[PDB]
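Before any questions on binding or motion, here is one chain by itself as structure tokens, the form deposited in one PDB entry.
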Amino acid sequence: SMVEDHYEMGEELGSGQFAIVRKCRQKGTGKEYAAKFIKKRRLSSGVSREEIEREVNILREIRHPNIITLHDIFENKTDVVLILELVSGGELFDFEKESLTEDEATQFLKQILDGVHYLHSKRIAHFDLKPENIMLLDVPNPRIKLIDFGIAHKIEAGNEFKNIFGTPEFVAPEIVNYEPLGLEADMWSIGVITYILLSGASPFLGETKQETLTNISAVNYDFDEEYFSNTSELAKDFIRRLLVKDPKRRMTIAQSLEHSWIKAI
């Protein structure tokens, strides 16, 4: 392609399994972007054509202020390059505060919930919600962007979807147990994110991957007074309603926006 005729590539910002993300600069304007290079499967030796289309069709369909914007798209013989909106404020948890107040946390959280509400209203599950994928653009309460739709999927009801994916610490028990997946998995992950926001501790993280997965599958967590002594009963109830094994009993996205902790500004 002509991607290098339009964008000057710069410093590497991230590597995933078959993706590399670099800072780049639009040559005409000086505006900065993120360029995500995704290796294509050519088995005359990558990611299949079908998985790239899934990511791209999902990005095409979503237009929301708390969700990353896809600006441009190129393909050469080895790679598909997505020109994405650049987030210059870095990752959430990096803004660094040990833990947060309930006001500061709820302001971030409400933005994530609005984002996920938009996604879920389109039947799109992100499946990879975690602190690393919550980016800020800058202020007392800055503006959040959800990124990385690399494993996002449209959920069709009556059509079973199973997979093993995500980062262990943040995945729902239905991922761990290889059980049917849906929009409810994102809500579990929101529960985990909320726990970390208020405490600076991960709720299920054990001494090994094996312990972590056990704790997630049995829903073994607590509100240790070392981490949660500055925590309201309301905030704990909000988390308690999300860290629920049965996905049919777990609080949904609309319910979560109407919960008293979020409603109390």
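We call the rigid core whatever largest set of C-alpha positions still superposes within 1.5 Å between the two forms. The first residue of the sequence shown is number 1, and the count goes up from there.
Omitted here: the form deposited in another entry. The next part is about that form.
Following superposition on the rigid core between this form and the one not shown, the residue from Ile175, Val116, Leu82, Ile147 with a C-alpha displacement of 2 angstroms or more is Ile175, and no other. With the core held fixed, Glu8 shows a CA shift of 2 Å or greater between this form and the one not shown. In a rigid-core overlay of the protein, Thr69 has its C-alpha displaced by under 2 Å between this form and the one not shown. The rigid-core alignment places the CA of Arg241 less than 2 Å apart between this form and the one not shown.
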